[PDB]
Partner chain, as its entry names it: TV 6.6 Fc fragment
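Only one chain is given next, in structure tokens, and it is the form solved without its partner chain.
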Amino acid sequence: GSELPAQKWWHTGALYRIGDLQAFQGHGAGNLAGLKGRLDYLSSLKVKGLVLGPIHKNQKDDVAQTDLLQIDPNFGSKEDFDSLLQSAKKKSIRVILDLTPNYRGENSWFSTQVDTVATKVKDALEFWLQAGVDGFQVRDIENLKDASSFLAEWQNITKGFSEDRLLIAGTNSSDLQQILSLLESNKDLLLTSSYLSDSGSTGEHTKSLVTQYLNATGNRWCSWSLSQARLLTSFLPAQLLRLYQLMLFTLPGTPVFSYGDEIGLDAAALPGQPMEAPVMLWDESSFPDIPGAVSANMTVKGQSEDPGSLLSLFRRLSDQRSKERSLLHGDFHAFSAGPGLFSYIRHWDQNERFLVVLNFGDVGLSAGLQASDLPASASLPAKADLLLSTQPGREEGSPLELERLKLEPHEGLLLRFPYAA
């Protein structure tokens, strides 16, 4: 564009969902105060906002006994919330509060009708906005009668308070047509879904999903996630976790993860552990129900010390995503590659371009990159420098000849090249 975007905070990197304070922090400190103790960790992830809760009083399926202005005392006090907000802001981490009303029940929106419940949400937005929250999330919106109307209203209350706040909506739907109807009356909404979840599939299929979505939504700013709540490991085999991290951190828009995504936390790796809220594995003492079962490589502490870990990959990708202009706000052009491949470039003005090449298949593949329809200003050079691969054995920092590019099974590559030459 040759004129620099005034980006919102949520364009500048990943959002990180913490839906269970107890499970995330562990026994003894499943409260708002305890979360402050994890802000240095979250800061090391370079995440730009935390999506917290819900944390409000909610008697299961009891509209009268549900109050979105009151914190459930199990999670602490309003002062604790105030102090968390303040420490978070200090570390450049913004806070989004999830206000999904009947979050302890099965229908998040209650079965008894909507206006009294939607009024609860409305009154709560003004209250929490004055307390200084940077925004809100509401999930399961497919279950909200008149969702597009209520979302527009709630978005307008939020943006009316300040342009630097936002509303995120989550849905269980994987249907593009249903998803686009939700975004119809709602231009400024980030919406998470299962649209990409469906992809445990080929590179051509993932490519078509991504480009279908981008073309349907025009120039609006997207989110990229595999679900509105669930772990990546709910949907992807281990062999694909790295590839998807690379993809989500390089697609145009805001990536959204759930706590544990950065370590490949898998709810089914450990007996008895809610798919809902798996216990966050800080170290080998983090699962005391079966003492001895957690091994170092499943933990934050073990993964931090290993440059080869998922966590180390997540941190490097997050760093790139939050500092490089072509990743922050560059255009996206996908192009023709070989059979199991999905390849694209991110490019902003004359800033360093990024080429992403993703092999979704279980066979080694020649990339056979065919540009031809790329813009001239971003065309492919003969060689680009390898920034990283999801697998070992490459010389990072040295140039690869693009014509001879070959990928290992499931390997993702991140390459960069300058404007011109």
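We call the rigid core whatever largest set of C-alpha positions still superposes within 1.5 Å between the two forms. Only residues modelled in both forms are compared. Numbering follows the first chain given and starts at 1.
What follows is about the form deposited with its partner chain bound, which we do not show.
Of the candidates 247, 226, 279, 99, 279 is the one whose heavy atoms come within 4.5 Å of its partner chain in the entry with it bound; the others do not.
Residue 273 is the only one of 172, 155, 273, 217 with a heavy atom lying within 4.5 Å of its partner chain in the entry with it bound. Shown alone, this chain has one stretch from 365-373, 380-388, 352-360, 22-30 that lies within 4.5 Å of its partner chain in the entry with it bound by heavy atoms: 22-30. Its partner chain in the entry with it bound comes within 4.5 Å of a heavy atom belonging to residue 291. Within 4.5 Å of any heavy atom of its partner chain in the entry with it bound lies no heavy atom of residue 131. Shown alone here, residue 114 lies farther than 4.5 Å from its partner chain in the entry with it bound, counting heavy atoms only. Mapping the unseen interface onto this chain, residue 269 counts among the residues with a heavy atom inside 4.5 Å of its partner chain in the entry with it bound.
When the two forms are overlaid on the rigid core, CA displacement between this form and the one not shown of 2 Å or more is confined, within 237, 73, 291, 218, to 291.
The pair residue 57 and residue 289 is looser in the entry with it bound: their Cα-Cα distance rises by no less than 3 Å compared with this form. After superposition on the rigid core, the sole stretch of at least three consecutive residues with Cα shifts of 2 Å or more between this form and the one not shown is 288-294.
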